2 protein chains.
Amino acid sequence: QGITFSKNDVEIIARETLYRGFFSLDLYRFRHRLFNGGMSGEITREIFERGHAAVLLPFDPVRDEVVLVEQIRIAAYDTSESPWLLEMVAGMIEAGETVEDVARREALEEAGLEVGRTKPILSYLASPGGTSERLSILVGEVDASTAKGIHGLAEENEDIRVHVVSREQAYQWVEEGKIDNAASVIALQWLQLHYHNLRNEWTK
Amino acid sequence: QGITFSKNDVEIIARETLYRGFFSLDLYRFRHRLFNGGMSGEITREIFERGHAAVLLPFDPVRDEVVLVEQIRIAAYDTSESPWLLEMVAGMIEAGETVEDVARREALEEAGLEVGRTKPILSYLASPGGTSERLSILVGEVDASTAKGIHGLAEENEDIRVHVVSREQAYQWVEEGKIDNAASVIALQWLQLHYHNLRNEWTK
Ligand SMILES: O=P(O)(O)OC[C@H]1O[C@H](O)[C@H](O)[C@@H]1O
Ligand SMILES: O=P(O)(O)OC[C@H]1O[C@H](O)[C@H](O)[C@@H]1O
Ligand SMILES: [Mg+2]
Ligand SMILES: [Mg+2]
């Protein structure tokens, strides 16, 4: 069971930069094995390269509360009622950094939060038909009573508002489409599947 | 409660397409309201633009099985053990098409599956800090005993293998990281939260 082929079955011949900016768009040229037994010809695909991210679900297990951060995401504009989204704390992982380093730095910069214990949730590919981006989600223990106000680095043109909701209310917002970005959906569905054991572990 | 600002609170000054090929790399220039009052200066953001997608989770409620499709996604290569991924059926929504029409068409083209009833799951933004892409997921009733074979438009360099597994195995693969693309994680977490009611609904 499971997948059929490995890295032994594909050769990346070359990569070419198509667009070089803050982010990049690359052309990968490659050949690969086929399910019918043969080899493909040389194929090309465009791939959006923007690095990889750490995501933190800030969960208060005592109060059963979740911290959300609100900020504009202009890319949401064309398909959303508003480009301001309710999200998990998140940021890019720089060379040599750990997921936890980033999650803790972003929790402070974006939400004013200290973080206690942490556990992995999931690491996922955002949209692997067109981008390499991987996001690694942690749940972090927080005191939601300390989560409030406006944060973000104005030097980065980052303007962020903290919201505190109950876990049930956050999940209701997913169901209703009020929270509709992948990282937050994945994190909050995970929390609905795991909260009983997580709260027991963190309130012993 | 919820979000603070609407489309009246942002002015998109300019959009430019800096790269156009299979996909597009756009630049948005805009100003927006700030939480503490007033307006930002002009902000520029690069946005990966690839249109929007329909996704179908093929679920057999009699058998408690899901149908997965396997194909190479070279963008996964740098952060994954193999670039062949296990995924939901999916494809682009063209002008004036509905999510449901596309989902039903792709289930036949990618997996050879006829679909019975459908229900919405969720519609999400894949990674809204850098891409506009929205994906809308349905669950689709299938007879998984009919799911077999190799599919794809070879003229479009598309090579796809169909797998049938129990829902429980598919979900355990999410937990283990063997299924780790956003659309499949979201769909299978949703299924884990909803399958009991869905099976009752679809096996009357
Ligand atoms: O199956 P394709 O038509 O290549 O692409 C459909 C979607 O599934 C893949 O993850 C892509 O990134 C898209 O979001
Ligand atoms: O908060 P940022 O540093 O802008 O970006 C972190 C992640 O959250 C946003 O959806 C982006 O697309 C990334 O995937
Ligand atoms: Mg951030
Ligand atoms: Mg497809």
TODO: May I ask you to list the residues in segment B:25-43 that are facing chain A (nearest Cβ under 9 Å) and of a type outside the set (D, E, K, R)?
DONE: B:25, B:27, B:28, B:30, B:32, B:34, B:35, B:36, B:40, B:41, B:43
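Return the residues of segment B:146-170 that are more than 11 Å from chain A (Cβ to nearest Cβ) and either assigned to a helix (DSSP H, G or I) or under 21 Å from the mean Cα position of the chain (by Cα) (or both); say none if nothing qualifies.
Residues of segment B:146-170 that are more than 11 Å from chain A (Cβ to nearest Cβ), as a first pass: B:146-148, B:153, B:155, B:167-168.
Passing the criteria: B:146, B:147, B:153, B:155, B:167, B:168.
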Open item on the list: Looking at segment A:70-89, can you tell me whether even one residue there is within 16 Å of ligand 1 (Cβ to nearest atom) and crowded, with 18+ Cβ neighbours inside 10 Å?
Closed with: yes
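In this structure, is residue A:177 surrounded by fewer than 16 Cβ atoms within 10 Å (Cβ to Cβ), on the phi > 0 side of the Ramachandran plot and out of contact with any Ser or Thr (no Cβ under 9 Å at 6 or more places or on another chain)? Spell out the reasoning first.
Values: surrounded by fewer than 16 Cβ atoms within 10 Å (Cβ to Cβ): yes; on the phi > 0 side of the Ramachandran plot: yes; out of contact with any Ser or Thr (no Cβ under 9 Å at 6 or more places or on another chain): no.
No: the conditions fail for residue A:177.
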Open item on the list: Tell me the residue from A:49, A:16, A:11 that is crowded, with 17+ Cβ neighbours inside 10 Å, more than 7 Å from every other protein chain (Cβ to nearest Cβ) and charged (D, E, K, R), please.
Closed with: A:49
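Just one of B:155, B:110 is more than 16 Å from ligand 2 (Cβ to nearest atom) and buried (at least 22 other Cβ atoms within 10 Å of the Cβ); which is it?
The unique qualifying residue is B:110.
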Open item on the list: Could you go through segment A:68-82 and let me know if any residue there is within 30 Å of residue B:158 (Cβ to Cβ), in contact with a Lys or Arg (Cβ under 6 Å, 6 or more places away or on another chain) and more than 16 Å from ligand 4 (Cβ to nearest atom).
Closed with: yes
Task: Among (1) surrounded by fewer than 20 Cβ atoms within 10 Å (Cβ to Cβ); (2) within 14 Å of ligand 3 (Cβ to nearest atom); (3) in a strand (DSSP E or B), the one test that residue A:105 misses - done: (3)
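I'd like to check something: does segment B:106-115 contain any residue that is assigned by TED's automatic domain parsing to the domain that holds residue B:185 and in contact (Cβ under 8 Å) with a residue 60 or more places away in the chain?
First, the residues of segment B:106-115 that are assigned by TED's automatic domain parsing to the domain that holds residue B:185: B:106-115.
Narrowing further to those that are in contact (Cβ under 8 Å) with a residue 60 or more places away in the chain: none.
No, because not a single residue in segment B:106-115 is assigned by TED's automatic domain parsing to the domain that holds residue B:185 and in contact (Cβ under 8 Å) with a residue 60 or more places away in the chain.
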Task: Residues of segment B:66-113 satisfying the condition of being within 13 Å of another protein chain (Cβ to nearest Cβ) and of a type in the set (D, E, K, R) - done: B:70, B:73, B:78, B:81, B:87, B:106, B:110
- [ ] Scan the strands (runs of 3 or more DSSP E) fully inside segment A:1-69 and keep the ones with 1 or more residues being more than 30 Å from residue A:198 (Cα to Cα).
- [x] A:10-20, A:24-32, A:43-49
Open item on the list: Filter segment A:150-172 down to the residues that are out of contact with any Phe, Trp or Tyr (no Cβ under 9 Å at 6 or more places or on another chain) and away from ligand 3 (no atom under 16 Å from the Cβ) and list them by number.
Closed with: A:164, A:166, A:168, A:169, A:170, A:171, A:172
Task: Single match in B:135, B:191, B:153 (criterion: away from ligand 4 (no atom under 16 Å from the Cβ), assigned by TED's automatic domain parsing to the domain that holds residue B:72, farther than 17 Å from residue B:85 by Cα and not charged (D, E, K, R)) - done: B:191
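Basis: the model, the stated rules and, where named, an outside source; no laboratory read-out is quoted. Cβ atoms come from the backbone with ideal geometry, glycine included; neighbour counts cover every protein chain shown.
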